[PDB]
């Protein structure tokens, strides 16, 4: 079954593969290494944007507030923020850049607006995630050293937290739709989960990439007129090249779609 298929795929990747599925139609779930820690890399940015939106809902933050910065603030891999040193960007624009491009400077600027990694972790604890932890800033949080619990989640905790944030009562309706809209507009995921999902599904996702052959993708999937399915995939310590790691994630999606009918 799916678990044996994922084990075969995992062996071919040379690394460690974690998968969680949470179907909101029924609450049906699946885990493969669902309670093992994996480096989040940029997947944390979905949670970061949620924490920012929570502050907006509380009147402590404004999506239209403009944040200025210089080249002195630019992290490697900042494809949006590097274009806006002159004029800065709004909190909303930074959230969009962090989610849809994995923009590292946007993420650091939002972390600063929140109070840093400890503040994000405290937000997660406050909504019932006792597992996920952010400890470092960009780019160090992508080090992905084996055995290091810093900056990690588990597939099951991430899927449960996504459910709470996108579909629960933590965020206002407008904030929930805004977070969904950003995920649906993601630009970094075309070779990962999306490449293995049916064309008529609407998909929002957030990728992560790091050292030690780390390639991740977390998604909210709406098949036609159906309640959504959450899928969280983490791959680390992989020994195949970048394109092959993407193909592992795409194949997880294909296997999940093909096996999800099983009760």
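Residue numbers count along the first chain shown, from 1.
Peer 1: In the PDB record, does 144-152 or 102-110 carry the higher mean Cα temperature factor?
Peer 2: Comparing 144-152 with 102-110, the higher mean C-alpha B-factor belongs to 144-152.
Peer 1: Please work out which of 222-230 and 45-53 has the higher mean CA B-factor as recorded in the PDB entry.
Peer 2: Going by the record's values, the stretch with the higher mean is 222-230.
Peer 1: Please rank the C-alpha B-factors of the chain's modelled residues and tell me whether residue 28 sits in the lowest, middle or highest third.
Peer 2: Highest third.
Peer 1: Quick check on the deposited entry: does the C-alpha B-factor of residue 197 sit in the lowest, middle or highest third of its chain?
Peer 2: Tercile = highest for this residue's CA B-factor.
Peer 1: Give the position of residue 213 by CA B-factor within its chain, expressed as the lowest, middle or highest third.
Peer 2: It belongs to the highest third of the chain when residues are ordered by C-alpha B-factor.
Peer 1: Can you tell me whether residue 207 has a C-alpha B-factor in the lowest, middle or highest third compared with the other modelled residues of the same chain?
Peer 2: Lowest third, going by the recorded CA B-factors of the chain.
Peer 1: For residue 126, does the deposited CA B-factor place it in the lowest, middle or highest third of the chain?
Peer 2: Highest third, going by the recorded CA B-factors of the chain.
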